[PDB]
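Take a look at the structure below.
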Amino acid sequence: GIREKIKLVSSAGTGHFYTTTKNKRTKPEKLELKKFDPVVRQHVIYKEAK
Amino acid sequence: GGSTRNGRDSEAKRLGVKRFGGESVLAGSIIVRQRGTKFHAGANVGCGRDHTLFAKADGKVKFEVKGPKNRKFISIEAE
Amino acid sequence: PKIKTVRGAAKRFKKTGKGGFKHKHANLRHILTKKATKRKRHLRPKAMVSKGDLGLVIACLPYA
RNA sequence: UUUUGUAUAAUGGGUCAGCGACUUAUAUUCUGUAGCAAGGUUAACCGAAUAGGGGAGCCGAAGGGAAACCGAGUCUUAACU
RNA sequence: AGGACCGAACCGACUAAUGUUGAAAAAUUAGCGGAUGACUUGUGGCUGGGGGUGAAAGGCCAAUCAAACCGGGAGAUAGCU
RNA sequence: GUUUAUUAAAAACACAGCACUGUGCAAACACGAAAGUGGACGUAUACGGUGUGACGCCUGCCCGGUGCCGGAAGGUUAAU
RNA sequence: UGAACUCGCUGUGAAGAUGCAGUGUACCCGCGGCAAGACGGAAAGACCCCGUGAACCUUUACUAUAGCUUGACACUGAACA
RNA sequence: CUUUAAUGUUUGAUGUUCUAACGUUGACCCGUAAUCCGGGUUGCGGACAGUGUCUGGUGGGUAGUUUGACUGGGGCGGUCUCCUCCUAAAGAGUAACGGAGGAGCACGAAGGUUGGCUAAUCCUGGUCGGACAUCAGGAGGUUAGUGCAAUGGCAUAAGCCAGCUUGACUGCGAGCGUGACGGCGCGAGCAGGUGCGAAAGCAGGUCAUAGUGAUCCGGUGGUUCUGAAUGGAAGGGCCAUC
Ligand SMILES: [Mg+2]
Ligand SMILES: [Mg+2]
Ligand SMILES: [Mg+2]
Ligand SMILES: [Mg+2]
Ligand SMILES: [Mg+2]
Ligand SMILES: [Mg+2]
Ligand SMILES: [Mg+2]
Ligand SMILES: [Mg+2]
Ligand SMILES: [Mg+2]
Ligand SMILES: [Mg+2]
Ligand SMILES: [Mg+2]
Ligand SMILES: [Mg+2]
Ligand SMILES: [Mg+2]
Ligand SMILES: [Mg+2]
Ligand SMILES: [Mg+2]
Ligand SMILES: [Mg+2]
Ligand SMILES: [Mg+2]
Ligand SMILES: [Mg+2]
Ligand SMILES: [Mg+2]
Ligand SMILES: [Mg+2]
Ligand SMILES: [Mg+2]
Ligand SMILES: [Mg+2]
Ligand SMILES: [Mg+2]
Ligand SMILES: [Mg+2]
Ligand SMILES: [Mg+2]
Ligand SMILES: [Mg+2]
Ligand SMILES: [Mg+2]
Ligand SMILES: [Mg+2]
Ligand SMILES: [Mg+2]
Ligand SMILES: [Mg+2]
Ligand SMILES: [Mg+2]
Ligand SMILES: [Mg+2]
Ligand SMILES: [Mg+2]
Ligand SMILES: [Mg+2]
Ligand SMILES: [Mg+2]
Ligand SMILES: [Mg+2]
Ligand SMILES: [Mg+2]
Ligand SMILES: [Mg+2]
Ligand SMILES: [Mg+2]
Ligand SMILES: [Mg+2]
Ligand SMILES: [Mg+2]
Ligand SMILES: [Mg+2]
Ligand SMILES: [Mg+2]
Ligand SMILES: [Mg+2]
Ligand SMILES: [Mg+2]
């Protein structure tokens, strides 16, 4: 269970965030995705993935 | 060594034929986990993510065998 | 003396128009990352109490 | 009496007479019956005291929502076929 | 002289039989141990219950002791008969 | 010598002797919310606790563990 | 001490029968003896298991606490290095 | 205007001296014809000792409690949740301390879509090279493969390779399956926005079935729901999440 839980934070001013999991030793690079933000109702980038 | 430890709740196999549920899409008319020998005949909507067949709107449920390999399909007669 | 209500159930159940009771679903407090959004969305609303549990609910809540 | 099951060699009783075990109070739900009918009913207390006064209150006639709030609609949702 | 020897009173209780709704809720008969000592006995006094006392056996503390007796919490509780 | 009054009198307890340990006196220790009392009208040749148990010959090795005794270094550490 | 007009054998039976089935034997009633049976008499088995029972005892089980012990403040003051 | 020095002042610590608190179960006198007690004189000790509050350590000396269930009697051993097969008697379901195996994960691509492709094994020929590496052809037609145990599936591929991508989206959801319940599961279709493709279309994670923990208590972010005289705030509620 070395895989750990991280949260993807919307780049917009909204505080909305998603949650997922990722391996730390294999891919330490930050994860960047494009997901729907229900507050602004648009697809935006997400960050903050250790 | 070691015994017992048998899985539980094997779900279900057959849920009906002809106008048994009929109304709406239903969620039966399939042997879950089967796929083989129970395919979507086009008349009924395709499988679910767990290989579950279901209806479109209404009608009788029928079973047929056709096509190469002699596979069995479930269709629904729209009414 | 008066019957004392179960305060644990008074804040768990609420009475509806036709005598039924509404309650909040379970499994929506923590460890939510591995739960499907469909499941959590279906759990978010409130449901009614089943036939078998109404006897216990009414016994617990005499003044509701 | 207890048991799947007892004439059982499973328990109890030597016999007679007397006594001996589902009650009372207050709350709440349902059934029957009586009064009244969108209304029903008073508690303490006063009283020439089972009358009469006393409507403080309580239940019902409107629900939805966590709540603000809205209201035969309300909640969810940016909004719902 | 001796926590010396044998042996009565005196203090014990090793064996056997009897008794076991007894003569007796531990005794009788025949044997047995100590018998100037750490001895035995009369009268009075002190130590009181999670406490006392104990050459120690969980022994004794009014025929009751791995926590005395009397009264109260008290109709303790009993998924058991 | 003592013991289970009332199924066990014994190889069990005690014993004289031996050893360790505490105690400088308002002693240690014990009873007691305290006062106070015993120890003791005693003073280390005394008193208390623990083990062994006349007498004879003896009582070997181990301080890693637990306990006890000692240690102006250093680390951690309460109240304030 | 349920009431008895209270035999043997073989089988049956809640599985070891005076009372059931078949069969054999047996005039009615005492007294003196023996103890094979009436699963004989007494003690709601002490062995075994169970109860989300009890009581004592042990410890590097848990949580507390008397006692002992460390420090700060108070009772508690003044000079010098 | 100082990274720097020193008379004096304040405030801590250590060590000596003092005496007036305090101790005296040292001596003497009085109450008093009294080894108690009190007062007085004196000697010794002395801000120590000792007591109160708070506080760390130790504390079976004492006290209250716990020390599971199944079980071919208990105990020892084993097991307790989830998944696959048989037992299971051709719908579902079905027990034993019955017979056999696995799980308490993994993946930012191993997901989505578009385009393309088809295995194991054997035989013949050929430098190292051979029983087996790579190459060409021929048999064979899934005996191959699947992220992981077993069953059921898969050529259309669910198996293999590449391009672009984040639908592993948000709010709902007619209808249904399975449970005593808590709950779990499948799901067309609607609204918003998005990816692949020329388009029809597909995509609400992975071929499916294991990879999991209720409630309470509390932590983090958002909210303009509440805010005990009023305005705020604290706290609480709601949404996401630990
Ligand atoms: Mg929450
Ligand atoms: Mg029985
Ligand atoms: Mg019978
Ligand atoms: Mg019998
Ligand atoms: Mg009987
Ligand atoms: Mg009985
Ligand atoms: Mg009887
Ligand atoms: Mg209302
Ligand atoms: Mg003599
Ligand atoms: Mg003699
Ligand atoms: Mg004797
Ligand atoms: Mg004699
Ligand atoms: Mg002699
Ligand atoms: Mg003993
Ligand atoms: Mg006695
Ligand atoms: Mg007691
Ligand atoms: Mg009481
Ligand atoms: Mg009683
Ligand atoms: Mg029971
Ligand atoms: Mg002797
Ligand atoms: Mg004696
Ligand atoms: Mg003294
Ligand atoms: Mg000895
Ligand atoms: Mg010896
Ligand atoms: Mg007979
Ligand atoms: Mg017989
Ligand atoms: Mg006779
Ligand atoms: Mg006789
Ligand atoms: Mg009989
Ligand atoms: Mg008997
Ligand atoms: Mg019994
Ligand atoms: Mg204890
Ligand atoms: Mg208790
Ligand atoms: Mg206990
Ligand atoms: Mg058990
Ligand atoms: Mg067994
Ligand atoms: Mg079946
Ligand atoms: Mg069948
Ligand atoms: Mg059944
Ligand atoms: Mg895959
Ligand atoms: Mg393709
Ligand atoms: Mg794929
Ligand atoms: Mg898979
Ligand atoms: Mg305010
Ligand atoms: Mg908040």
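Every chain in the structure tokens takes a letter, A first, then B, and so on in the order presented; its residues are numbered from 1, and the ligands are numbered from 1 following the presented order.
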Write as a PyMOL selection string the residues around ligand 32, taking 12 Å as the cut-off and counting only C-alpha atoms (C1' of nucleotides) and all ligand atoms. (chain G and resi 56-59+61-64) or (chain H and resi 60-66)
If we count only C-alpha atoms (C1' of nucleotides), which residues of chain A reach to within 6 Å of chain H? Please list them as JSON, numbers by chain. {"A": [15, 36, 38]}
Take the residues from that selection and put them in a file with C-alpha atoms, as a PDB file, in the first residue's frame.
ATOM      1  CA  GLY A  15     -11.713  26.066  -3.882  1.00  0.00           C
ATOM      2  CA  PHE A  36     -14.493  20.063 -15.068  1.00  0.00           C
ATOM      3  CA  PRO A  38     -18.554  22.660 -11.102  1.00  0.00           C
TER       4      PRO A  38
END
Closest atom pairs, chain E residues within 12 Å of ligand 11, only C-alpha atoms (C1' of nucleotides) and all ligand atoms, as JSON lines:
{"residue": "E:12", "atom": "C1'", "partner": "ligand 11", "partner_atom_place_in_ligand_line": "1 (Mg)", "distance": 11.6}
{"residue": "E:13", "atom": "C1'", "partner": "ligand 11", "partner_atom_place_in_ligand_line": "1 (Mg)", "distance": 6.8}
{"residue": "E:14", "atom": "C1'", "partner": "ligand 11", "partner_atom_place_in_ligand_line": "1 (Mg)", "distance": 7.6}
{"residue": "E:15", "atom": "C1'", "partner": "ligand 11", "partner_atom_place_in_ligand_line": "1 (Mg)", "distance": 10.6}
{"residue": "E:26", "atom": "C1'", "partner": "ligand 11", "partner_atom_place_in_ligand_line": "1 (Mg)", "distance": 11.3}
Prev. selection, N, CA and C atoms (P, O5', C5', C4', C3', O3' and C1' of nucleotides), output as a PDB file, in the first residue's frame:
ATOM      1  P     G E  12      -5.471 -30.031  78.203  1.00  0.00           P
ATOM      2  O5'   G E  12      -4.309 -30.476  77.211  1.00  0.00           O
ATOM      3  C5'   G E  12      -4.591 -31.229  76.041  1.00  0.00           C
ATOM      4  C4'   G E  12      -3.403 -32.059  75.626  1.00  0.00           C
ATOM      5  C3'   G E  12      -3.636 -33.038  74.487  1.00  0.00           C
ATOM      6  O3'   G E  12      -3.501 -32.412  73.225  1.00  0.00           O
ATOM      7  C1'   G E  12      -2.368 -34.055  76.244  1.00  0.00           C
ATOM      8  P     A E  13      -4.704 -32.422  72.162  1.00  0.00           P
ATOM      9  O5'   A E  13      -4.537 -33.816  71.414  1.00  0.00           O
ATOM     10  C5'   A E  13      -3.261 -34.261  70.966  1.00  0.00           C
ATOM     11  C4'   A E  13      -3.218 -35.763  70.851  1.00  0.00           C
ATOM     12  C3'   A E  13      -4.313 -36.363  69.975  1.00  0.00           C
ATOM     13  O3'   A E  13      -3.832 -37.544  69.333  1.00  0.00           O
ATOM     14  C1'   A E  13      -4.560 -37.149  72.193  1.00  0.00           C
ATOM     15  P     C E  14      -3.079 -37.448  67.916  1.00  0.00           P
ATOM     16  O5'   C E  14      -2.013 -38.629  67.974  1.00  0.00           O
ATOM     17  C5'   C E  14      -1.323 -39.066  66.812  1.00  0.00           C
ATOM     18  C4'   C E  14      -0.845 -40.488  66.966  1.00  0.00           C
ATOM     19  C3'   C E  14      -1.916 -41.562  66.857  1.00  0.00           C
ATOM     20  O3'   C E  14      -2.220 -41.904  65.516  1.00  0.00           O
ATOM     21  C1'   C E  14      -0.620 -41.954  68.786  1.00  0.00           C
ATOM     22  P     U E  15      -3.654 -42.524  65.142  1.00  0.00           P
ATOM     23  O5'   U E  15      -3.599 -44.000  65.738  1.00  0.00           O
ATOM     24  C5'   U E  15      -2.672 -44.951  65.240  1.00  0.00           C
ATOM     25  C4'   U E  15      -2.903 -46.318  65.832  1.00  0.00           C
ATOM     26  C3'   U E  15      -4.329 -46.838  65.774  1.00  0.00           C
ATOM     27  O3'   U E  15      -4.685 -47.360  64.506  1.00  0.00           O
ATOM     28  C1'   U E  15      -3.468 -47.181  67.939  1.00  0.00           C
ATOM     29  P     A E  26     -19.853 -32.816  70.578  1.00  0.00           P
ATOM     30  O5'   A E  26     -18.611 -33.813  70.586  1.00  0.00           O
ATOM     31  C5'   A E  26     -18.761 -35.159  71.025  1.00  0.00           C
ATOM     32  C4'   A E  26     -17.488 -35.954  70.866  1.00  0.00           C
ATOM     33  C3'   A E  26     -16.203 -35.239  71.286  1.00  0.00           C
ATOM     34  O3'   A E  26     -15.297 -36.187  71.848  1.00  0.00           O
ATOM     35  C1'   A E  26     -16.031 -35.888  69.034  1.00  0.00           C
TER      36        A E  26
END
Please report as a PyMOL selection string which residues of chain B come no farther than 10 Å from chain H, using only C-alpha atoms (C1' of nucleotides). chain B and resi 1-16+21-28+32-37+45-57
Any residue with an atom at most 12 Å from ligand 5 counts, using only C-alpha atoms (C1' of nucleotides) and all ligand atoms. Which are they? Put them as a PyMOL selection string. (chain D and resi 1+6-13) or (chain G and resi 2+39)
Would you mind exporting the chosen residues as a PDB file, in the first residue's frame, restricted to N, CA, C and O atoms (P, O5', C5', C4', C3', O3' and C1' of nucleotides)?
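Result saved to result-v4.pdb:
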ATOM      1  P     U D   1     -48.365 -29.420  33.558  1.00  0.00           P
ATOM      2  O5'   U D   1     -46.794 -29.244  33.749  1.00  0.00           O
ATOM      3  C5'   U D   1     -46.272 -28.335  34.706  1.00  0.00           C
ATOM      4  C4'   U D   1     -44.828 -28.634  35.022  1.00  0.00           C
ATOM      5  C3'   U D   1     -43.875 -28.621  33.838  1.00  0.00           C
ATOM      6  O3'   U D   1     -43.438 -27.309  33.536  1.00  0.00           O
ATOM      7  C1'   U D   1     -43.467 -30.528  35.210  1.00  0.00           C
ATOM      8  P     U D   6     -43.738 -37.859  25.823  1.00  0.00           P
ATOM      9  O5'   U D   6     -43.116 -38.872  26.883  1.00  0.00           O
ATOM     10  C5'   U D   6     -43.011 -40.259  26.579  1.00  0.00           C
ATOM     11  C4'   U D   6     -42.973 -41.108  27.825  1.00  0.00           C
ATOM     12  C3'   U D   6     -44.067 -40.812  28.852  1.00  0.00           C
ATOM     13  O3'   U D   6     -44.502 -42.026  29.460  1.00  0.00           O
ATOM     14  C1'   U D   6     -41.947 -40.556  29.858  1.00  0.00           C
ATOM     15  P     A D   7     -46.061 -42.406  29.476  1.00  0.00           P
ATOM     16  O5'   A D   7     -46.184 -43.446  30.673  1.00  0.00           O
ATOM     17  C5'   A D   7     -47.044 -43.206  31.777  1.00  0.00           C
ATOM     18  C4'   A D   7     -46.729 -44.152  32.906  1.00  0.00           C
ATOM     19  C3'   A D   7     -45.337 -44.008  33.511  1.00  0.00           C
ATOM     20  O3'   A D   7     -45.308 -43.063  34.568  1.00  0.00           O
ATOM     21  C1'   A D   7     -45.777 -46.293  32.995  1.00  0.00           C
ATOM     22  P     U D   8     -44.821 -41.552  34.322  1.00  0.00           P
ATOM     23  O5'   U D   8     -43.478 -41.713  33.483  1.00  0.00           O
ATOM     24  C5'   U D   8     -42.213 -41.774  34.132  1.00  0.00           C
ATOM     25  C4'   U D   8     -41.863 -43.180  34.550  1.00  0.00           C
ATOM     26  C3'   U D   8     -40.386 -43.408  34.860  1.00  0.00           C
ATOM     27  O3'   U D   8     -40.255 -44.420  35.858  1.00  0.00           O
ATOM     28  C1'   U D   8     -41.022 -44.792  33.069  1.00  0.00           C
ATOM     29  P     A D   9     -40.484 -44.078  37.410  1.00  0.00           P
ATOM     30  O5'   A D   9     -39.258 -44.788  38.142  1.00  0.00           O
ATOM     31  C5'   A D   9     -38.104 -44.050  38.532  1.00  0.00           C
ATOM     32  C4'   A D   9     -36.856 -44.557  37.851  1.00  0.00           C
ATOM     33  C3'   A D   9     -36.982 -44.782  36.344  1.00  0.00           C
ATOM     34  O3'   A D   9     -35.750 -44.453  35.703  1.00  0.00           O
ATOM     35  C1'   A D   9     -36.360 -46.799  37.389  1.00  0.00           C
ATOM     36  P     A D  10     -35.577 -43.045  34.950  1.00  0.00           P
ATOM     37  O5'   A D  10     -36.215 -41.986  35.955  1.00  0.00           O
ATOM     38  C5'   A D  10     -35.421 -41.344  36.941  1.00  0.00           C
ATOM     39  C4'   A D  10     -35.247 -39.878  36.637  1.00  0.00           C
ATOM     40  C3'   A D  10     -36.024 -38.919  37.525  1.00  0.00           C
ATOM     41  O3'   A D  10     -35.366 -38.668  38.756  1.00  0.00           O
ATOM     42  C1'   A D  10     -36.307 -38.305  35.255  1.00  0.00           C
ATOM     43  P     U D  11     -36.199 -38.580  40.127  1.00  0.00           P
ATOM     44  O5'   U D  11     -36.780 -37.100  40.129  1.00  0.00           O
ATOM     45  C5'   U D  11     -35.916 -35.973  40.111  1.00  0.00           C
ATOM     46  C4'   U D  11     -36.702 -34.689  40.099  1.00  0.00           C
ATOM     47  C3'   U D  11     -37.747 -34.555  41.194  1.00  0.00           C
ATOM     48  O3'   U D  11     -37.188 -34.061  42.398  1.00  0.00           O
ATOM     49  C1'   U D  11     -38.682 -33.947  39.093  1.00  0.00           C
ATOM     50  P     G D  12     -37.859 -34.416  43.809  1.00  0.00           P
ATOM     51  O5'   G D  12     -39.305 -33.762  43.713  1.00  0.00           O
ATOM     52  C5'   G D  12     -39.501 -32.368  43.905  1.00  0.00           C
ATOM     53  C4'   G D  12     -40.951 -32.072  44.184  1.00  0.00           C
ATOM     54  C3'   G D  12     -41.633 -33.059  45.118  1.00  0.00           C
ATOM     55  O3'   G D  12     -41.438 -32.724  46.480  1.00  0.00           O
ATOM     56  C1'   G D  12     -42.942 -32.794  43.169  1.00  0.00           C
ATOM     57  P     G D  13     -41.450 -33.861  47.612  1.00  0.00           P
ATOM     58  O5'   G D  13     -42.995 -34.030  47.954  1.00  0.00           O
ATOM     59  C5'   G D  13     -43.794 -32.901  48.267  1.00  0.00           C
ATOM     60  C4'   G D  13     -45.254 -33.172  48.015  1.00  0.00           C
ATOM     61  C3'   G D  13     -45.798 -34.467  48.594  1.00  0.00           C
ATOM     62  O3'   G D  13     -46.085 -34.376  49.978  1.00  0.00           O
ATOM     63  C1'   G D  13     -46.525 -34.242  46.361  1.00  0.00           C
TER      64        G D  13
ATOM     65  P     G G   2     -44.647 -40.229  47.764  1.00  0.00           P
ATOM     66  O5'   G G   2     -45.924 -39.971  46.847  1.00  0.00           O
ATOM     67  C5'   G G   2     -46.909 -39.019  47.222  1.00  0.00           C
ATOM     68  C4'   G G   2     -48.211 -39.242  46.494  1.00  0.00           C
ATOM     69  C3'   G G   2     -48.949 -40.531  46.818  1.00  0.00           C
ATOM     70  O3'   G G   2     -49.698 -40.438  48.018  1.00  0.00           O
ATOM     71  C1'   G G   2     -48.902 -40.205  44.473  1.00  0.00           C
ATOM     72  P     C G  39     -37.073 -47.433  42.598  1.00  0.00           P
ATOM     73  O5'   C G  39     -35.752 -47.674  41.743  1.00  0.00           O
ATOM     74  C5'   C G  39     -34.714 -46.708  41.719  1.00  0.00           C
ATOM     75  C4'   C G  39     -33.368 -47.354  41.511  1.00  0.00           C
ATOM     76  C3'   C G  39     -32.157 -46.453  41.706  1.00  0.00           C
ATOM     77  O3'   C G  39     -31.781 -46.318  43.067  1.00  0.00           O
ATOM     78  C1'   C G  39     -31.931 -47.642  39.679  1.00  0.00           C
TER      79        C G  39
END
Please write out the residues within 9 Å of ligand 35 as a PyMOL selection string, counting only C-alpha atoms (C1' of nucleotides) and all ligand atoms. (chain G and resi 50) or (chain H and resi 68-71+74)
Quick check for you: according to DSSP on this backbone, which residues of chain B are classed as strand (DSSP E or B)? Reply as a count of residues only. 18
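Interatomic distance, atom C1' of residue F:41 against atom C1' of residue H:24: 20.6 Å.
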At most 12 Å is the cut-off: for each residue in chain A with any atom that close to an atom of chain D, write down the nearest atom pair and the distance in Å rounded to one decimal, counting only C-alpha atoms (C1' of nucleotides), chain first then increasing number, as JSON lines.
{"residue": "A:38", "atom": "CA", "partner": "D:78", "partner_atom": "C1'", "distance": 9.6}
{"residue": "A:39", "atom": "CA", "partner": "D:78", "partner_atom": "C1'", "distance": 9.4}
{"residue": "A:40", "atom": "CA", "partner": "D:78", "partner_atom": "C1'", "distance": 9.8}
{"residue": "A:41", "atom": "CA", "partner": "D:78", "partner_atom": "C1'", "distance": 8.6}
Please produce an output containing N, CA and C atoms for each residue in the selection, written as a JSON list (two decimals), in the first residue's frame.
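So out_8.json came out as:
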[["chain", "number", "residue", "atom", "x", "y", "z"],
["A", 38, "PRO", "N", -17.11, 22.39, -11.22],
["A", 38, "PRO", "CA", -18.55, 22.66, -11.10],
["A", 38, "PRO", "C", -18.88, 24.08, -10.68],
["A", 39, "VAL", "N", -17.96, 24.80, -10.04],
["A", 39, "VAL", "CA", -18.26, 26.14, -9.56],
["A", 39, "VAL", "C", -18.31, 27.13, -10.72],
["A", 40, "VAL", "N", -17.27, 27.15, -11.55],
["A", 40, "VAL", "CA", -17.25, 28.03, -12.72],
["A", 40, "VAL", "C", -17.85, 27.38, -13.95],
["A", 41, "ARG", "N", -18.08, 26.07, -13.93],
["A", 41, "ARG", "CA", -18.72, 25.36, -15.04],
["A", 41, "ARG", "C", -17.85, 25.41, -16.29]]
Counting only C-alpha atoms (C1' of nucleotides), chain C residues within 10 Å of chain D, as a list in words: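 Every residue of chain C that passes the 10 Å test is in residues 1, 2, 3, 4, 16, 17, 45, 58, 59, 62 and 63 of chain C.
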Store the residues picked out above in a file with C-alpha atoms, as a PDB file, in the first residue's frame.
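The resulting file, again04.pdb, is reproduced below:
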ATOM      1  CA  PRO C   1     -44.294   9.579  34.826  1.00  0.00           C
ATOM      2  CA  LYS C   2     -43.845  10.792  31.252  1.00  0.00           C
ATOM      3  CA  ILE C   3     -42.063   8.612  28.717  1.00  0.00           C
ATOM      4  CA  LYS C   4     -38.535   9.882  28.097  1.00  0.00           C
ATOM      5  CA  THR C  16     -42.910  13.270   7.684  1.00  0.00           C
ATOM      6  CA  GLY C  17     -46.409  14.258   6.628  1.00  0.00           C
ATOM      7  CA  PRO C  45     -30.057  12.591  -0.556  1.00  0.00           C
ATOM      8  CA  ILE C  58     -41.800   4.606  16.856  1.00  0.00           C
ATOM      9  CA  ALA C  59     -40.894   2.848  20.107  1.00  0.00           C
ATOM     10  CA  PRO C  62     -43.057   8.396  21.474  1.00  0.00           C
ATOM     11  CA  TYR C  63     -43.458  12.186  21.335  1.00  0.00           C
TER      12      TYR C  63
END
Please provide the set of residues having any atom within 10 Å of residue C:9, restricted to only C-alpha atoms (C1' of nucleotides), with same-chain residues fewer than 5 positions apart removed, written as a PyMOL selection string. chain C and resi 14+57-58+60-61
Hey, can you spit out that residue selection with N, CA and C atoms as a compact mmCIF listing (two decimals), in the first residue's frame?
# COMPACT_ATOMS: atom_id res chain seq x y z
N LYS C 14 -36.53 12.14 11.66
CA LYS C 14 -37.51 13.21 11.60
C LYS C 14 -38.79 12.68 10.99
N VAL C 57 -38.41 2.50 15.48
CA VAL C 57 -38.33 3.95 15.44
C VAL C 57 -39.45 4.57 16.26
N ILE C 58 -40.67 4.06 16.11
CA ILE C 58 -41.80 4.61 16.86
C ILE C 58 -41.66 4.31 18.34
N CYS C 60 -38.83 4.14 19.97
CA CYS C 60 -37.84 5.09 20.46
C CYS C 60 -38.40 6.50 20.56
N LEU C 61 -39.23 6.91 19.60
CA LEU C 61 -39.74 8.27 19.56
C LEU C 61 -41.24 8.30 19.87
Can you tell me which residues sit at most 12 Å away from ligand 17, counting only C-alpha atoms (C1' of nucleotides) and all ligand atoms, written as a PyMOL selection string? chain E and resi 72-77
Kindly compile the residues surrounding ligand 2 within 12 Å, counting only C-alpha atoms (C1' of nucleotides) and all ligand atoms, and format them as a ChimeraX atom specification. /D:2-6,10 /G:14
Restrict the selected residues to N, CA and C atoms (P, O5', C5', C4', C3', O3' and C1' of nucleotides) and save them as a PDB file, in the first residue's frame.
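out_13.pdb was written with the following content:
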ATOM      1  P     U D   2     -43.224 -26.842  32.017  1.00  0.00           P
ATOM      2  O5'   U D   2     -41.848 -27.524  31.600  1.00  0.00           O
ATOM      3  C5'   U D   2     -40.670 -27.330  32.368  1.00  0.00           C
ATOM      4  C4'   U D   2     -39.610 -28.331  31.988  1.00  0.00           C
ATOM      5  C3'   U D   2     -39.387 -28.497  30.493  1.00  0.00           C
ATOM      6  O3'   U D   2     -38.502 -27.520  29.975  1.00  0.00           O
ATOM      7  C1'   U D   2     -39.615 -30.629  31.506  1.00  0.00           C
ATOM      8  P     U D   3     -38.304 -27.363  28.392  1.00  0.00           P
ATOM      9  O5'   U D   3     -37.691 -28.764  27.956  1.00  0.00           O
ATOM     10  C5'   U D   3     -37.837 -29.242  26.631  1.00  0.00           C
ATOM     11  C4'   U D   3     -37.582 -30.724  26.558  1.00  0.00           C
ATOM     12  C3'   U D   3     -37.814 -31.368  25.203  1.00  0.00           C
ATOM     13  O3'   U D   3     -36.718 -31.196  24.322  1.00  0.00           O
ATOM     14  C1'   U D   3     -38.857 -32.665  26.883  1.00  0.00           C
ATOM     15  P     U D   4     -36.953 -30.587  22.854  1.00  0.00           P
ATOM     16  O5'   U D   4     -37.971 -31.611  22.187  1.00  0.00           O
ATOM     17  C5'   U D   4     -38.311 -31.530  20.812  1.00  0.00           C
ATOM     18  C4'   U D   4     -38.641 -32.893  20.261  1.00  0.00           C
ATOM     19  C3'   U D   4     -39.307 -33.851  21.237  1.00  0.00           C
ATOM     20  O3'   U D   4     -40.709 -33.655  21.296  1.00  0.00           O
ATOM     21  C1'   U D   4     -37.546 -34.953  20.072  1.00  0.00           C
ATOM     22  P     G D   5     -41.460 -33.518  22.707  1.00  0.00           P
ATOM     23  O5'   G D   5     -41.629 -35.025  23.190  1.00  0.00           O
ATOM     24  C5'   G D   5     -42.271 -35.981  22.360  1.00  0.00           C
ATOM     25  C4'   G D   5     -41.747 -37.371  22.610  1.00  0.00           C
ATOM     26  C3'   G D   5     -41.800 -37.851  24.050  1.00  0.00           C
ATOM     27  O3'   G D   5     -43.084 -38.315  24.428  1.00  0.00           O
ATOM     28  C1'   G D   5     -39.672 -38.326  23.141  1.00  0.00           C
ATOM     29  P     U D   6     -43.738 -37.859  25.823  1.00  0.00           P
ATOM     30  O5'   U D   6     -43.116 -38.872  26.883  1.00  0.00           O
ATOM     31  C5'   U D   6     -43.011 -40.259  26.579  1.00  0.00           C
ATOM     32  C4'   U D   6     -42.973 -41.108  27.825  1.00  0.00           C
ATOM     33  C3'   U D   6     -44.067 -40.812  28.852  1.00  0.00           C
ATOM     34  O3'   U D   6     -44.502 -42.026  29.460  1.00  0.00           O
ATOM     35  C1'   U D   6     -41.947 -40.556  29.858  1.00  0.00           C
ATOM     36  P     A D  10     -35.577 -43.045  34.950  1.00  0.00           P
ATOM     37  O5'   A D  10     -36.215 -41.986  35.955  1.00  0.00           O
ATOM     38  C5'   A D  10     -35.421 -41.344  36.941  1.00  0.00           C
ATOM     39  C4'   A D  10     -35.247 -39.878  36.637  1.00  0.00           C
ATOM     40  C3'   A D  10     -36.024 -38.919  37.525  1.00  0.00           C
ATOM     41  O3'   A D  10     -35.366 -38.668  38.756  1.00  0.00           O
ATOM     42  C1'   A D  10     -36.307 -38.305  35.255  1.00  0.00           C
TER      43        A D  10
ATOM     44  P     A G  14     -38.414 -46.439  23.030  1.00  0.00           P
ATOM     45  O5'   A G  14     -37.541 -45.866  24.232  1.00  0.00           O
ATOM     46  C5'   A G  14     -37.773 -44.562  24.758  1.00  0.00           C
ATOM     47  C4'   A G  14     -37.007 -44.345  26.039  1.00  0.00           C
ATOM     48  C3'   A G  14     -37.685 -44.872  27.303  1.00  0.00           C
ATOM     49  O3'   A G  14     -36.711 -45.434  28.182  1.00  0.00           O
ATOM     50  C1'   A G  14     -37.248 -42.562  27.540  1.00  0.00           C
TER      51        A G  14
END
Please return as a PyMOL selection string the residues found within 12 Å of ligand 16, counting only C-alpha atoms (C1' of nucleotides) and all ligand atoms. (chain E and resi 49-50+66-67) or (chain G and resi 54-56) or (chain H and resi 63)
Restricting the calculation to only C-alpha atoms (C1' of nucleotides), which member of C:23, C:10, C:30, C:18 is positioned closest to chain H? C:30
Residues at most 10 Å from ligand 42, using only C-alpha atoms (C1' of nucleotides) and all ligand atoms? Could they come as a list in words? residues 110, 111, 112, 158, 159, 206 and 207 of chain H
Selection as a PyMOL selection string: residues within 12 Å of ligand 14 by only C-alpha atoms (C1' of nucleotides) and all ligand atoms: (chain E and resi 56-59+66) or (chain F and resi 4+12) or (chain G and resi 57)
